[PDB]
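**Q** Test case, fold it:
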Amino acid sequence: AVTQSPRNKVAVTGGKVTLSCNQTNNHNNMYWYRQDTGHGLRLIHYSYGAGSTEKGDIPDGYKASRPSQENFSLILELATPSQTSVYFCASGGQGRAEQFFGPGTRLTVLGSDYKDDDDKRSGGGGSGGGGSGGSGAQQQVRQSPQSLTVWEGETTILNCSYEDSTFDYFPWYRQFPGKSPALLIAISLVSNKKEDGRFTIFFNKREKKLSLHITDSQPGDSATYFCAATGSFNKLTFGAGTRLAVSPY
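**A** Residues are numbered from 1 along each chain as shown. I have put the structure below:
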């Protein structure tokens, strides 16, 4: 079924990344994402009808192959101190299903951030450093940046935006614990107000954005929710949702 390299190991500057995922859980489409802040979800590989696994967002420095629609495998041989992350082999069906995330892998290439309090955040000594391709890739999903933590698991409000002209709905979901993403629900922006569980959504026309309310929350960094769209087929556009957190006191 949807699985990933059960092994666990780390790599160094251009070390190596061994990953192995399988597909056979009744899913007609297998998506591949990676936990990467800045934008949150990081699409890199795409496999749904076999012979397909290289059309995420900015695939580069990785090798993947899909000889069989059920068997898959990919690795890397040149990672940088800011590209590694946790590989998650997600696989769901079409229409409205939860991404059956399996035991993904987690490895980092070079890096530590243990005592970086009295040093500049720019190692000007090789290892890339800007270069060509400074900006690019447009953006549609715009979730209120600047995360925030509320006292205890109180309620909170979220905001999302979009610049597409053919979106159908936005499967509100991402991951609550830290290494186990999951689907929650899906809006549609057609009734101006909806409710699925204990939170409702609103349609802001004056600002063209989606705002919902979530009450009754629990500690543990609260949870991270993303707002992506999928009006098209095999194409989810996310814009780094928000990461709700709970205060220590």
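
**Q** for the residue positioned nearest the centre of the chain, what are its contacts?
**A** To find the centre residue of the chain, average its C-alpha atoms and take the closest one (CA atoms, centre = their mean): that gives residue 41, at 1.7 Å. For residue 41, the residues meeting the contact criterion (CB atoms under 8 Å, 6 or more residues apart in numbering) are 33-35, 174, 226, 228, 238, 240. Placement of C-beta: from N, CA and C, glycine included.

**Q** taking the residues you listed one by one, which sit in strands?
**A** Among the contacts of residue 41, the members found in strands (DSSP state E) are 33-35, 174, 226.

**Q** Surely residue 189 touches residue 212?
**A** No - counting by CB atoms under 8 Å, residue 189 sits too far from residue 212 to count as a contact (11.2 Å).

**Q** follow-up on the earlier one: could you report the separation of the residue nearest to the centre of the chain from residue 104?
**A** For residue 41, the distance to residue 104 (CB to CB, to the nearest Å) stands at 13 Å.

**Q** got the domain boundaries for this protein?
**A** Each structural domain of the chain that the record assigns through curated CATH domains is listed here as a residue range: 1-111, 112-229.

**Q** Make a markdown table from the ones you listed and add distance to residue 247 to it.
**A** What follows is those, written out as a markdown table (distance: least, CB to CB, whole Å):
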| stretch | distance to residue 247 |
| --- | --- |
| domain 1-111 | 21 |
| domain 112-229 | 5 |
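
**Q** most tightly surrounded among those?
**A** With neighbours defined as mean count of other CB atoms under 10 Å, the domains of the chain peak in mean count at domain 1-111, which reaches a mean of 18.

**Q** so how far is the first residue of that domain from its last?
**A** 33 Å (CA to CA, to the nearest Å).

**Q** distance between that domain and the chain's centre?
**A** Between the mean C-alpha point of domain 1-111 and the mean C-alpha point of its chain there is a distance of 11 Å (CA atoms, centre = their mean, to the nearest Å).

**Q** now swap in stretch 198-211 and tell me
**A** Centroid separation for stretch 198-211 versus its chain: 22 Å, with CA atoms, centre = their mean.

**Q** Need the contact partners of it.
**A** Contacts of stretch 198-211 (CB under 8 Å, 6+ apart): 142, 157-162, 170, 187, 189, 191-195, 212-216, 227.

**Q** how close does residue 101 get to residue 142?
**A** Residue 101 sits 25 Å away from residue 142, taking CB to CB as the criterion.

**Q** repeat for residue 20
**A** Noted for residue 20: a distance of 36 Å to residue 142, by CB to CB.

**Q** Residue 157 in helix, strand or coil?
**A** For residue 157, the assignment made with DSSP: H, G, I helix; E, B strand; the rest coil gives strand.

**Q** Test my guess that it contacts residue 212.
**A** Yes - in this structure residue 157 lies within contact range of residue 212 using CB under 8 Å: 7.2 Å.

**Q** secondary structure class for residue 232?
**A** Using three-state DSSP, the structure places residue 232 in coil.

**Q** Give me the three-state assignment for the nearest residue to it once chain neighbours are set aside.
**A** Nearest residue to residue 232, sequence neighbours excluded (CB to CB, 6 or more residues apart in numbering): residue 166, at 6.6 Å. Counting by three-state DSSP, the backbone at residue 166 sits in coil.
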